[PDB]
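*Asks:* Protein chains in written order, with UniProt numbering: chain R, 489 to 583; chain H, 489 to 583.
Yeah, the Cβ is synthetic: ideal placement off N, Cα and C, and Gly gets one too.
My structure is below; once you've seen it, I'll send some questions.
There are 2 protein chains.
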Amino acid sequence: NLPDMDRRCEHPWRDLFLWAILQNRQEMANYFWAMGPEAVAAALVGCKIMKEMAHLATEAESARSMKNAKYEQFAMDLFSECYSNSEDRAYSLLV
Amino acid sequence: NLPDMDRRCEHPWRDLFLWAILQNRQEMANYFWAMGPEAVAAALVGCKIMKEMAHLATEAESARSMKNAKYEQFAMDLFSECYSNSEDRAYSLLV
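Take a look at the structure:
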């Protein structure tokens, strides 16, 4: 089932961002988000994962950090920029 | 009843902080609190003493200074730091 280990990933930035996100590393994950091709979807996935993990967090500091992921803010700001630029390509990006 | 005058105090910082606190010297007392071994208990004792003395204060300026002792704030901030650090040793410190 698993792919070839010697074969490079089709979406390297996606996997790196997802990996960095699963472990509450936000600075490294933000950097990976800044390099990925599809950023609105990545930010929404990140905020979903963070708000799902906030419930599973044990330490209070980690839970607080996860509750302040501000990944939805990244998607909102980037889409505001996109909508201000084109407002016609923004709809296509959404759908 | 009194101990030996030539015998050094078992808790020097505690006595110095308590002494400096009984006379509304806050800067000297804050310095003594910063050097004492047990700081949360010392801060709570200080805020208790200050809110007890605020009633006995004669001058309005001294009463105002005592009402703004912010010693409870010291305990809260230090315990927030402790809870952020360990969150398991914090409970033992509390109890």
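Just checking my contact of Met554 (chain R) with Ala542 (chain R) at CB under 8 Å: how many whole Å lie between their CB atoms?
*Replies:* Counted from its first residue, the first sequence places residue 554 (chain R) at position 66. Counted from its first residue, the first sequence places residue 542 (chain R) at position 54. Indeed, because the Cβ distance is near 4 Å, the residues count as touching under 8 Å.
*Asks:* Comparing alpha-carbon positions, which option in H:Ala530, H:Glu547, H:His499, H:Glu575 lies nearest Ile509 (chain H)?
*Replies:* Locating residue 509 (chain H) in the second sequence gives position 21, where the first residue counts as 1. Comparing Cα positions, the closest option is H:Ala530.
*Asks:* How would you call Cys535 (chain R), buried or exposed, if buried means at least 16 neighbouring beta carbons within 10 angstroms?
*Replies:* Here residue 535 (chain R) is taken as the residue at index 47 of the first sequence, counted from 1. With 16 or more other Cβ atoms within 10 Å, it is buried.
*Asks:* Taking the straight line between their C-alpha atoms, what separation do you get for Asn489 (chain H) and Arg495 (chain H)?
*Replies:* Mapped onto the second sequence, residue 489 (chain H) falls at position 1. Mapped onto the second sequence, residue 495 (chain H) falls at position 7. One C-alpha to the other measures close to 14 Å.
*Asks:* Return the residue from the list R:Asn518, R:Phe505, R:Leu506, R:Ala578 that minimises the CA-CA distance to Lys558 (chain R).
*Replies:* Along the first sequence, one-based indexing puts residue 558 (chain R) at 70. The shortest Cα separation from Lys558 (chain R) among R:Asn518, R:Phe505, R:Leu506, R:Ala578 belongs to R:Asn518.
*Asks:* Residues of chain H with a CB under 8 Å from the CB of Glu547 (chain R): which are they?
*Replies:* Taking the first sequence and counting its residues from 1, one reaches residue 547 (chain R) at position 59. Result: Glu575.
*Asks:* Please confirm if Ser580 (chain H) has its CB atom under 8 Å from at least one CB of chain R.
*Replies:* Translated into the one-based positions of the second sequence, residue 580 (chain H) becomes position 92. For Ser580 (chain H), the answer is no, since every Cβ of chain R falls outside 8 Å of its Cβ.
*Asks:* Please report the distance separating the alpha-carbon of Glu526 (chain R) from that of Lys539 (chain R).
*Replies:* Taking the first sequence and counting its residues from 1, the one referred to as residue 526 (chain R) is at position 38. Taking the first sequence and counting its residues from 1, the one referred to as residue 539 (chain R) is at position 51. When rounded, the distance between both Cα atoms is 21 Å.
*Asks:* Where do the ends of the alpha helix (DSSP H) carrying residue 672 (chain R) lie?
*Replies:* Only positions 489 to 583 of chain R appear in the structure, and residue 672 (chain R) is not among them; the question remains open.
*Asks:* Name, please, each residue of chain R whose Cβ falls closer than 7 Å to the Cβ of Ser572 (chain H).
*Replies:* Residue 572 (chain H) sits at position 84 when you count from the first residue of the second sequence. Under the 7 Å cutoff, chain R gives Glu549.
*Asks:* Work out the CA separation of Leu532 (chain H) and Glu560 (chain H) for me, nearest whole Å.
*Replies:* Along the second sequence, read from residue 1 onward, the residue named residue 560 (chain H) stands at position 72. Along the second sequence, read from residue 1 onward, the residue named residue 532 (chain H) stands at position 44. Rounded to the nearest angstrom, the two C-alpha atoms are 6 Å apart.
*Asks:* Can you grab the Cα-Cα spacing for the pair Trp521 (chain H) / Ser574 (chain H), in whole Å?
*Replies:* For the purposes of this step, residue 521 (chain H) is taken as residue 33 along the second sequence, with counting starting at 1. For the purposes of this step, residue 574 (chain H) is taken as residue 86 along the second sequence, with counting starting at 1. Taking the straight line from one Cα to the other gives about 22 Å.
*Asks:* From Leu506 (chain H) to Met516 (chain H), what distance separates their C-alpha atoms?
*Replies:* Counting from one through the second sequence, the residue named residue 506 (chain H) turns up at place 18. Counting from one through the second sequence, the residue named residue 516 (chain H) turns up at place 28. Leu506 (chain H) and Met516 (chain H): Cα-Cα distance of roughly 11 Å.
*Asks:* Determine the burial state of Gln514 (chain H): buried for a count of at least 16 other Cβ atoms within 10 Å of its Cβ, exposed for fewer.
*Replies:* Sequence index remark: in the second sequence, residue 514 (chain H) carries index 26 (1-based). The residue in question, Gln514 (chain H), is buried, as its Cβ has 16 or more Cβ neighbours within 10 Å.
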